[PDB]
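*Asks:* only geometry, no sequence info:
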């Protein structure tokens, strides 16, 4: 039982375990979870690991909506690796888009998932954090997002009275949305946004983004570019102060298609701006270097090395 604002301190700067467990089946995308990734992340200086989890294919689609024991075991094993090394560890539901596309029909099932997650991990260390829903988008409404956060939080608190829960809002956990959510009356909470602004810069040539090709060549680094990030982070910091709730940037990254000076600068400036204000961070890393199509990578899981230049920008002040 720990104050959110200390937890955000301890979290400092960290990483996602990208395209791993949130893929339909583990290994269908980037390489499955391995114990040595955590040794490497530790040695790199990351203080937290966010672990995306897609529960869909491991969970029954009829009552009682049970999660395959095997799959919880697998996730418990990976979480345990994280907690063992002293990481602040975060599990969520990610890419579970079925609940976003038909909130009304599916909310029973989502409730059941989170009941079971809450149960299995009830006894873990306080450094295990639950994050309710990655990136709401589409059909689901703001009202429904607020309803969900309150609903699911309640289910979690039955078995996890004091574990910190992370909540955000719609439009891909935008900051614009975070600032307007209805915060449940609970003292163990953190709010999150994902920062990918400007989207056309950060996602240029991303193959899964219809129209990406046309942004190729976009640079980033002007005075105005920088001012915008500060103005937006101030705005988020004010919300944090007003509502007495810490802020967490669960994802940020840039396609390797981006001009190399622009790319590294962007990582540097976002880190330095978030951390200046006491925000926790987890950098997005999908471990993909070829094709550039799919590259938002830092750590190569085969060669067991890091894009050192970027890694340094995350931890150090630029100029």
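*Replies:* Sure thing, it's come through. Numbering: from 1, shown residues only.
*Asks:* got a list of contacts for whichever strand or helix holds residue 248?
*Replies:* Secondary structure assignment for residue 248, by DSSP states H and E: strand 247-252. The contact list for strand 247-252 (CB atoms under 8 Å, 6 or more residues apart in numbering) reads 8, 11, 16, 50, 90, 131, 134, 166, 168, 173, 178, 190-196, 236-237, 239-240, 267, 270, 274, 277-284. The way it works is simple: take the backbone N, C-alpha and C, and place the C-beta from them, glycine included.
*Asks:* Same question for stretch 66-81.
*Replies:* Contacts of stretch 66-81 (CB under 8 Å, 6+ apart): 17, 21, 26, 33, 35, 38, 51, 53, 55, 58-60, 89, 91, 112-113, 116-117, 120-121, 124, 128.
*Asks:* redo that, cut-off 7 Å
*Replies:* By CB atoms under 7 Å, 6 or more residues apart in numbering, the residues outside stretch 66-81 that reach it are 21, 33, 35, 38, 51, 53, 55, 58-60, 89, 91, 113, 116, 120, 128.
*Asks:* Check the residues you listed and tell me the two furthest apart.
*Replies:* Spatial extent of the contacts of stretch 66-81 (CB to CB) is set by the pair 38 and 60 at 30.4 Å.
*Asks:* More neighbours: which of those two?
*Replies:* Taking neighbours as other CB atoms under 10 Å, residue 38 and residue 60 compare with residue 38 leading, 21 against 13.
*Asks:* Name the residues of the helix or strand hosting the more buried one that come out as buried.
*Replies:* Following DSSP H and E, one finds residue 38 within helix 35-44. Using 16 or more other CB atoms under 10 Å as the test for burial, helix 35-44 gives 37-38, 40-41, 44.
*Asks:* same for it, what does it pack against?
*Replies:* Here helix 35-44 touches helix 69-84, going by 3 or more CB pairs under 7 Å, 6 or more residues apart in numbering; DSSP states H and E.
*Asks:* next one: the helix it packs on to chain centre, how far?
*Replies:* Centroid separation between helix 69-84 and its chain, computed with CA atoms, centre = their mean, to the nearest Å, is 18 Å.
*Asks:* Please apply the same query to stretch 180-189.
*Replies:* Per CA atoms, centre = their mean, the centroid offset for stretch 180-189 relative to its chain is 18 Å.
*Asks:* in that stretch, what's buried?
*Replies:* Neighbour-count burial for stretch 180-189 flags 181, 184, 186, 188-189 (criterion: 16+ other CB under 10 Å).
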